[PDB]
Amino acid sequence: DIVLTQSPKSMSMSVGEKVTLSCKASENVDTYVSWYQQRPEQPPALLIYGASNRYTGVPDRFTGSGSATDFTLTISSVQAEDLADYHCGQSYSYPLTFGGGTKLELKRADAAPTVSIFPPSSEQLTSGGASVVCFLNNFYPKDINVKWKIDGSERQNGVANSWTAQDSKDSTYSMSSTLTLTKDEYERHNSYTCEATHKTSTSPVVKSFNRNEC
Amino acid sequence: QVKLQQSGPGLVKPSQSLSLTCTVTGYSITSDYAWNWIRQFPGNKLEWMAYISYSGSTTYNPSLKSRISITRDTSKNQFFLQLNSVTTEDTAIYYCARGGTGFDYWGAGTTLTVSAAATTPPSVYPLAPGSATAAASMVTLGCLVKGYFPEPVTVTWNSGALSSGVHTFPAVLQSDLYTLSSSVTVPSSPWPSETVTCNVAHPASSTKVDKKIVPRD
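Residues numbered from 1 in each chain as written, not as in the entry; some residues may be left out. Chains lettered and ligands numbered in written order. Heavy atoms only, no water.

Going by the header, the method for this PDB entry is X-ray crystallography, and the resolution given is 2.20 Å.

Following this line, the structure appears as structure tokens:
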């Protein structure tokens, strides 16, 4: 069916700014493009319908325009409560379809990640498992690449990463990287490195620990 | 005014079939409008599944019209969604909605989890510093909560006493079990000299565990 592409994947802006979100369609959909806003842990809300008609209840700073292919959502003045996910869909052809969504995040000053690594606890080794955990806290922007080196060699198996959404206080992000090994695997190597590389530094941020060190 | 409410099995086994109930209040589903089922995948991606019109018509998304079916009970003012041969690929958030003028009303949506796993309590592991990694003023401690099913898990530090400098990450899948972690950063005054305990609660398995982060050897 007609594919709807949303140009802005994730836009970073300040309170009091003007954004313009893009939504393009494959084929003609005339003006049957609706915009939905979706705050965290909340369902979608109708924002603009008929390409330009503002749904009842929606403030003025929201203004949609466009026809048959190129549509836009203009936000006069961005506000805190406007930080959210925006979806647009067409309702002209019937596989009804939605775009991938554009996320709006609050901009802030760059911050380096506070890296922390932890050897597996004896409570876990004692039962045969080996998890090495690494925390990459309160950094900004999102973009970050973590990497595990065991005794100097990279390792991609048994690495589970998890990222938090932008914080509702300091606007930073955070992630934890967990590496999992059998106790046998664990005890044959000695050096464990968690190497982070963030745009806030020309050199990789590294936390390490040698097993032969109490 | 208009009010939609979903409900249904929260967890099921692959291959199985089921039905999601959307019970709407403050408007007759025979009155007008189309009544839809839309789902959201992990990543916020939205996908339309099907609708049933007030007149009784039914449309389906061609990619699911082999496994789904929409029916209604105009007496109880409800319309249901039936999914068969459910795959893991179907776990998501399911919404029912009224549409026309774009999708006007939406429900709170209901979470479905397609999994073969069986309810099993979490293993909680204390995460104390590697003896060397800790930049003066602040020391970070952690808590590893692995191998548990299903969601969710409640994690707090010092029964609630500690609230800031805290990080709890979204659970992820390892094998077919969830694993999640949490951290707290405290001044290097407290911790060694003051006990910080991590508390984990897995309602499903009626499990409740406290774990003290003590210095390693």
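A. Seen up close, the state of the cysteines. All names here are of chain A. Tallying each qualifying case throughout the model produces 4 disulfides over all chains. Each disulfide pairs two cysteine sulfurs, and for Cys23 the partner residue is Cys88, the sulfurs being separated by 2.1 Å. On the sign convention where negative means left-handed, the S-S torsion of about 85 degrees between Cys23 and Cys88 marks this disulfide as right-handed. With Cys23 in strand β3 (residues 19-25) and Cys88 in strand β9 (residues 85-90), this pair connects stretches of sequence that are 65 residues apart. Here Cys23 falls in the buried class, since its relative accessible area comes to 0%. Its relative accessible area of 0% is what places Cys88 among the buried residues. (Disulfide = S-S within 2.5 Å. Helix = DSSP H or I, 4+ residues; strand = E, 2+ residues; numbered from the N terminus. Buried < 20%, exposed > 50% of the residue type's maximum accessible area, 1.4 Å probe, protein only.)

B. Seen up close, the sheet that holds strand β17 (residues 173-182) of chain A. Residues and elements named next belong to chain A. Ordered in space as β12-β13-β17-β16, the 4 strands form an open sheet in which the pairing is antiparallel. Two strands in the sheet have a free side with no partner beyond their single neighbour: β12 (114-118) and β16 (159-163). With direction set aside, neighbouring strand axes in the sheet form an average angle of 15 degrees. (Pairing = 2+ DSSP bridges. Axes fitted to C-alpha atoms, helices over the stretch in contact; angles between N-to-C directions.)

C. Molecular detail of the interface of chain B and chain A. At the interface, 41 residues of chain B touch 43 residues of chain A. Summed over both partners, the interface of chain B with chain A buries about 3500 Å², with 61% contributed by carbon and sulfur atoms. Of all residues in chain B, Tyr125, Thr133 and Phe169 of chain B give up the largest surface area on contact with chain A, accounting jointly for 16% of the area buried on that side. Across the contact surface, chain B and chain A share 1 salt bridge. In this structure, the salt-bridge partner of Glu123 of chain A is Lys211 of chain B, at a minimum N-O distance of 2.7 Å. Scanning the region where chain B abuts chain A turns up 10 residue pairs in polar contact. Of all the elements in the fold, those that place two or more residues in the side of chain B that touches chain A are β4 (34-40), β5 (46-53), β11 (123-127), β12 (138-148), β14 (166-168), β15 (172-174) and β16 (177-187) of chain B. If one sorts the elements of the side of chain B that touches chain A by residue count, β12 of chain B sits on top with 5 residues. (Contact = heavy atoms within 4.5 Å. Buried area = accessible area lost by both parts, 1.4 Å probe. Salt bridge = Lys/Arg side-chain N within 4 Å of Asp/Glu carboxyl O. Polar contact = N/O pair within 3.5 Å; in protein donor to acceptor, adjacent residues only side chain to side chain.)

D. Seen up close, the UniProt feature "disulfide bond" in chain A. All names here are of chain A. In this structure the UniProt-annotated cystine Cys134-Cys194 is intact, with an S-S distance of 2.1 Å. Remark: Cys194 occurs in strand β18 (residues 191-197) and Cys134 occurs in strand β13 (residues 129-139); sequence separation between them is 60 residues. Residue classification places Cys194 among the buried residues on the basis of a relative accessible area of 0%. (UniProt positions renumbered as here; feature names shortened; annotations may be inferred.)

E. Here's a closer look at the domain arrangement of chain A. Residue and element names in this part refer to chain A. Along its sequence, chain A is carved into domain 1 (1-108) and domain 2 (109-211). Each of domain 1 and domain 2 was reduced to a C-alpha centroid, and the two centroids are 36 Å apart. Between domain 1 and domain 2, the residue contacts involve 6 residues of the former and 10 residues of the latter. For the pair domain 1 and domain 2, the summed buried area comes to about 660 Å², and 40% of that belongs to carbon and sulfur atoms. Of all residues in domain 1, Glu105, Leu106 and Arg108 give up the largest surface area on contact with domain 2, accounting jointly for 86% of the area buried on that side. Applying the counting rule to domain 1 against domain 2 returns 0 salt bridges. Scanning the region where domain 1 abuts domain 2 turns up 8 residue pairs in polar contact. The biggest single contributor to the side of domain 1 that touches domain 2 is strand β11 (residues 102-106), with 3 residues. Of the residues assigned to the side of domain 1 that touches domain 2, the class counts are 1 nonpolar, 1 polar and 4 charged. (Domains from an automatic or database assignment. Nonpolar A, V, L, I, M, F, W, Y, C, P; charged D, E, K, R; others polar.)

F. Highlighting the environment of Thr102 of chain A. Residue and element names in this part refer to chain A. With respect to the helices, strands and loops of the structure, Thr102 is situated in strand β11. In sequence terms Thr102 and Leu21 are 81 residues apart; their C-alpha atoms lie 7.5 Å from each other. Once you skip the residues sitting within four places of it in the chain, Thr102 turns out to touch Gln6, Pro8, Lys9, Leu21, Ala84, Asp85 and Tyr86. There is a polar contact of 2.4 Å between the side chain of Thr102 and the backbone oxygen of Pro8.

G. Representation of the nonpolar core in the model. Ranked by internal contacts, the top residues of the largest apolar core, which has 63 residues, are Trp35 and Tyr86 of chain A together with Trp37, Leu81, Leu83, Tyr94 and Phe103 of chain B. Setting aside chain neighbours within four positions, we find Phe103 of chain B in contact with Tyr36, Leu46, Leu96 and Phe98 of chain A together with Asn36, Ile38, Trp48, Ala97 and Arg98 of chain B. Formed by 22 residues, the second largest nonpolar core is a distinct cluster that contains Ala117, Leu141, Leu180 and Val200 of chain B. (Core = buried A, V, L, I, M, F, W, Y, C linked by side-chain atoms within 4.5 Å.)

H. Representation of the packing of aromatic side chains. Summed over all chains, the structure comprises 22 aromatic pairs over all chains. Between the aromatic rings of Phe118 of chain A and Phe135 of chain A, the centroid separation amounts to 5.4 Å while the plane-to-plane angle is 70 degrees, which identifies the pairing as edge-to-face. Taken together, the positions of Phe118 of chain A in strand β12 and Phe135 of chain A in strand β13 put the pair 17 residues apart, joining distant regions of the chain. No difference in accessibility class separates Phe118 of chain A from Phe135 of chain A, as the two residues are buried. When the centroid spacing of 5.8 Å and the interplanar angle of 65 degrees are considered together, the rings of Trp37 of chain B and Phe79 of chain B count as edge-to-face. Taken together, the residues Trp37 of chain B in strand β4 and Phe79 of chain B in strand β8 (residues 78-83) connect sequence positions 42 residues apart. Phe79 of chain B sits in the buried class, given a relative accessible area of 0%. Ring pairing ties together the aromatic residues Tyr36 and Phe98 of chain A together with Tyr95, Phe103 and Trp106 of chain B, which thus form one cluster. Taking NZ or CZ as reference, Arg98 of chain B lies 4.5 Å from the ring centre of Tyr27 of chain B, over its face. Its end group placed over the ring of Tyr33 of chain B, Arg98 of chain B keeps NZ or CZ at 3.5 Å from the ring centre. (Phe/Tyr/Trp six-rings, centres within 6.5 Å; stacked < 30°, edge-to-face > 60°. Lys NZ or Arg CZ within 6 Å of the ring centre and 35° of its normal.)

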